[PDB]
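A lone chain, given as structure tokens: the form solved without heptan-1-ol (HE4).
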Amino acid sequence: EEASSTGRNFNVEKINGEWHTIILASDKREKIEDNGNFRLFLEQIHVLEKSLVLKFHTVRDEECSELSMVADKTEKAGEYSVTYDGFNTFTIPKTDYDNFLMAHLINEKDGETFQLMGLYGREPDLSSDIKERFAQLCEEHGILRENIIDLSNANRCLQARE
């Protein structure tokens, strides 16, 4: 049961709780790499009926700290905007609220805009057939397989082991 966020069949309350970065893939191929702005491990989605508070994580030379993304409702519960490195207009197309969550982010920065598509999960690593559904969705929007770095372990405070 994978719901579309903007309408038809969606509560916001079900996407509230523990959520983890599984694969993080950028159209640029510099944001997701070593010492870049979007190499960020998800900690929780804190749901307010108003703003999706996406509490991410960075490791600051061994020191474990959270990065709060307060994303207010611009066009309904679904299309949310957060100002972080530009203007981050994201829809959530395939959200399962039990195993997985696919979120498509389009990041606008002064007439130069990059699409960054992330696989997220209740578990800190997911199964290979769910990751195959993410790679078919990334190809459909427009992100190549040469950029796809699988961030489920690499800079994680919980356990760095597959």
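In case it trips you up, residue 1 is the first one in the sequence shown, and so on.
The next section is about a form of this same protein that is not shown, the form deposited with heptan-1-ol (HE4) bound.
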heptan-1-ol (HE4) overlaid from its position in the bound PDB entry: site open or blocked at 2.4 Å backbone/C-beta: open
heptan-1-ol (HE4) contact at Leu126 in the bound PDB entry, heavy atom, 4.5 Å: no
Heavy atom of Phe100 within 4.5 Å of heptan-1-ol (HE4) in the bound PDB entry: no
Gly121 within 4.5 Å of heptan-1-ol (HE4) in the bound PDB entry, heavy atoms: no
Contact flag, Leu24 vs heptan-1-ol (HE4) in the bound PDB entry, heavy atom cut 4.5 Å: yes
Check all three, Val59, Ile149 and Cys157, heavy atom within 4.5 Å of heptan-1-ol (HE4) in the bound PDB entry: no
heptan-1-ol (HE4) in the bound PDB entry - contacting residues of 66-100, heavy atom within 4.5 Å: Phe90
